[PDB]
């Protein structure tokens, strides 16, 4: 998928293109650059291409003239000024690779340097995005929401749209696409980003006019949506394996930690093929499916005296089964009690109707118990309170104060009101509501992300142009078409799931990719909101 593509562009385009069978090389990097390759290609493949050690430019290093030195950097004044510094000899010579275009000014001061003397290679790969999953990308700019929507960064807003616009143009170019660009009409941001992307995509089209040609690739579309178009989805407690695990449990750097009969630290990425299989399933179908795949593997390899002897051999491939069997139980531990009670209240507020289908009569009566409960943590009370404010489509100033007070979450008053910075409606409307679906589901997972409706419509060529205009109408006349989706201000894990549900529904006709500046859990979303009315010099510039 995306990790295979990105991995190939690196291994073959950067490491293999410089390899000298007799010689070996140091690979030096800045933070953004090494987050990219680390996310797709493994150390074993890196070694196989002729690299002795990997380093980080930001840290002090030892001189090794004997070894030539590759650099893979983002073309920022920090990385370049740090590179120039290495020889003005910490190395004998060096092969440079910028992940994007190097601006005149930075290339000029580099020509007046001593480094220049021993520069052996100098290219630019144009590759600025993390392949998080097979079908989900990230631009590695968690500072993006803050730069676009905080008033203390009003002057950097436009620059942040230009940066993101470029990153999204190099995504298409990487996938050999020249897709029709579309965006949600009302918000100023979505339109501005869409036109920026076209202008920076037309650059790559001009250099390679054969981009996106074909009866199938000509039908590819890139949709741009703002967070405020569906501020409900990022708040909800999802009961699918992934969305549920990252939300309820503490999972950092994508690593799950628990104890066995001793200190296991598993990485939930795409080498773990069991994770790839379960990540999108309701919590209620996980238990069985794990045991269903066990009964296959264990008995497939298998008087049972000899089977006992061969247990150490299976133990490793067999632990990987116990891994997710346990993670599922853990999801269920955290779900019992308050949470299962919250979900009920949330789904009623999101759908606007109880399980029977009967419309909710008194939405206030529904939350009041949860809010005045001292045993429910603040962030949980806040998700319910925000869902209530969104259902009501705004709430009176005085009613908001009485709820914040009676709910006992006064210190977070800030983040609640900060939802108006994204375009959402808190006090006293630009939100899209998912169409109804007459399809059976579990009582606690009746909500479908807005973006799924949008994806299905884009695929079937029935997406309203009034709401989703094109920037350019397609000229009158992998191989299949792609639908690329970019949610501004973070993408929820239900929306990530929606991409896989729609892609599988078309049976391979369409590959639906979705991504954003960063990936969201309900908690990280509230933290992003909290920041929008603060001056924080720690947060990175665009």
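Residue numbers count along the first chain shown, from 1.
Deposited sequence between residue 428 and residue 429: 4 to 9 residues lack coordinates. The deposited sequence places 10 or more unmodelled residues between residue 477 and residue 478. When 48-56 is weighed against 34-42, 48-56 comes out higher, by mean CA B-factor as recorded in the entry.
Remark: stretch with higher mean C-alpha B factor among 499-507 and 483-491 is 499-507. When the C-alpha B-factors of 435, 446, 153, 92 are read from the PDB record, the largest value belongs to 92.
Within the listed group 131, 231, 357, 469, the record reports its top CA B-factor for 357. Looking at the C-alpha B-factors along this chain, the one for residue 314 belongs to the highest third. Ranked against the other modelled residues of its chain, the C-alpha B-factor of residue 137 as given in the entry falls in the lowest third. When the modelled residues of the chain are ordered by their C-alpha B factor, residue 336 lands in the middle third. Remark: residue 530 belongs to the lowest third of its chain, ranked by C-alpha B-factor as recorded. Placement of the Cα temperature factor of residue 185 within the chain: lowest third of the modelled residues, per the deposited record.
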